[PDB]
């Protein structure tokens, strides 16, 4: 093929789109609705308009290059077409970037500025209440920002295959929303927030818990614990311009203290707890020769998927609470016993890469004696906003350490946030537990990485066992519907609803789709976690000294009695 673009001749054998070819050759073509290798098939945004001599104006994102094509990306006709589309989008867009939560990284604003577009009539609703949906415990919608680009719909389809995000005909107008325009929580939605990650503007957001947190912090009698997820320390730096793949663990501990939190712990402590309980259960099942398979239960997106699509597997889930809720449980029981705090005055806050965690924390039965395991959950993005509002110079902060009692963690706990992390961590303990040994080879590289479905054969006490790692909600559907689960007897299966694991969670920093072209965000965020594991002295959950003391002095033997009654949670199907 010979192609001419803006007077420049190219010779190529490639079969690809105008958009992809131009960008591979440093030619600028704007786009909006094209993402995840899909555009909006009905009602295309046409921001990728280019001119093909002989043909006219075409959409570059879904038009293949052809031999003999003469292309102009920046002619008068092209720019006025694009400007006109943006102008029309402004006509249905509350253009008020001041108090907008996407002010600093909005795709639409950048386009508006680039083409100097203006609305034919500014959209200024007086009563936004009919445009906003805040019913969900996890997600919120503000349709005064929505461009109807379909990016959330395609991402839901591609990441989960549930199609819980749909186009709807509402009062004769097109919107996006859940089936029947119900609250997402009341549908098959996983509350995973991949739709939010896909959104170019502030139409989709997390359900805020920031007011819960600020109120607890300012409440005189409240003692506010905070603990961040594995993934946060590998990610939040992005939002302070520190680059990608930067370990900012110590800076976070420092920032949290400056925010006024009363105790700094870590969810990775909770991860080690979950392994204590879950590895014990795995060994138990092995000894009882069943039931198999056991599934992880730490991902609330997967739990909702099981509840909504495979309720028969609910009994197969590990009874151990997630690191979040198991941590919380201990924060209202164990922690008062070593601090003298009144349990009622403890207010437990987590920082998560996840929107689904908010729903998990607000489950009615996730409490004991009237005390919630977890009182608030803020996303990585929310914590970043609190830090900036407080004018804390994050990139300049000196490192501090966590408070040790529920703050220490092993390398096993640290890798939880990557797909295959829970699996690897769990095997390191299950092998030691079952063989009554302290084995030296602890790295299970076979369950790592971005393959959608991963399997391995493991030898535990000189018997062979089959494990699988399901990487993404759509891959759980594939695993089940394809019958792959029946090709052999699986004994232990990890499921994460977000591809890449929690490092790619719905509460994570948005990433410029151009930076995404340059950076493997799932691998670079994960690399921070495996790096920590590499350099930690303790690399098994049961070698966590603060945790061992907690079990020795308070809970007793894991997976049994006191531990079972308090630290476990079983999901049940309808009769």
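Residue numbers count along the first chain shown, from 1.
Remark: stretch with higher mean C-alpha B factor among 82 to 90 and 501 to 509 is 82 to 90.
For the two regions 194 to 202 and 428 to 436, the entry's Cα B-factors average higher over 428 to 436. Per the deposited record, 121 carries the highest C-alpha B-factor of all listed residues (251, 137, 121, 381). In the PDB entry, the Cα temperature factor peaks, among 116, 223, 491, 357, at 116.
Sorting the modelled residues of the chain by their CA temperature factor places residue 185 in the lowest third. Ranked by C-alpha B-factor against the other modelled residues of its chain, residue 536 falls in the highest third. Remark: residue 444 belongs to the highest third of its chain, ranked by C-alpha B-factor as recorded.
In the deposited entry, the Cα temperature factor of residue 268 sits in the bottom third of values across the chain's modelled residues. Ranked within its chain, residue 53 lands in the highest third, by CA B factor from the PDB record.
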